[PDB]
């Protein structure tokens, strides 16, 4: 079962691409075994021409794969921005990956490049997460069939190059809805652990959060609905139903932002992790270092432990380690 973090050094158009080896050392010493790498294709491509690939960028990803091997940490490479789609609003995509043949051609071009580069790296060490958080399947933007046909033909092209490559598929509705008609060999579907937004995204600048209620748990609030541990259990039970079709599931992003009081964060995260352990669902916290992380999270109500120049939320870490 995968347990770990997302690392963001290739996440943004302003990112350096230089991941920190000590992140891998420390999470290995804390007995974690998984990292997801959400990548912004513009770091090696172009806004106007989605077929540009600057191969030199991937020397940085080569290092991540080496460190994954060195420290026993599986690497999941993800396209967080691809031609025609990203949830990140720092750049507006002028095309629509879900409908536009040219964007889909470029999408496959990029994944074919990546598949070819790492064909020699086994799926024990490396998986591909094709696209981060597709939206709800409003067919005027992305139908269920739009999504499934694109994923299917992308997997086909990847596996002509590397037949054994493990593929991770995000749920629809921003990683929250299982995908019914994708029963493809050697795939995993990825859900999310941000429910409820009143706890996890309180005062978040990048969503419309101004009318969220004061955080509390239980009885947190999520797009009009109130949530508790039993409701979380029901939700993730619908996810592990995919195992009856030979599909594994895991939670590719989870956590709470750094303006939520710590007592609420810990009560909510404990409940989520109790459910994930109950149902044997793996997880990745959205940050290692950062606002959603166990390190350098800039919370005002935490007694941070020294961690080699960083600030460690020990209670959050130990919750993760025990589940």
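Positions refer to the first chain, counted from 1.
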*Which is higher on average in the deposited entry, the C-alpha temperature factors of 107-115 or of 131-139?*
107-115
*Given 159-167 and 200-208, the range whose Cα B-factors average higher in the PDB entry*: 159-167
_Which of 274, 298, 56, 31 ranks first by CA B-factor in the deposited coordinates_ = 56
*Could you tell me which one of 252, 218, 224, 84 shows the highest CA temperature factor in the PDB record?*
224
_Assigned third (lowest, middle, highest) for the C-alpha B factor of residue 66_ = highest
*Please rank the C-alpha B-factors of the chain's modelled residues and tell me whether residue 178 sits in the lowest, middle or highest third.*
middle
*Third assignment of residue 260 from its chain's C-alpha B-factors*: middle
*With respect to C-alpha B-factor, does residue 195 fall in the lowest, middle or highest third of the chain as deposited?*
lowest
*Would you check the entry's CA temperature factor for residue 14 and let me know if it's in the chain's lowest, middle or highest third?*
highest
